[PDB]
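Engineer: This is the structure I have questions about; it appears just below.
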Amino acid sequence: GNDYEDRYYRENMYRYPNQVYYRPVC
């Protein structure tokens, strides 16, 4: 979880994926 991306306007509906986990570390 060292990698991430805090940006995508977090509203609720289809406005952003997540980008909060240990996946972008691959």
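Following the order of the structure tokens, first chain is A, next is B, and so on, with residues numbered from 1 inside each chain and ligands from 1 in the order they appear.
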What's around residue 23 of chain A at 12 Å? Count only C-alpha atoms, leave out sequence neighbours fewer than 4 positions away in its own chain, and write the answer as a list in words.

Structural biologist: residues 1, 2, 3, 4, 5, 18 and 19 of chain A
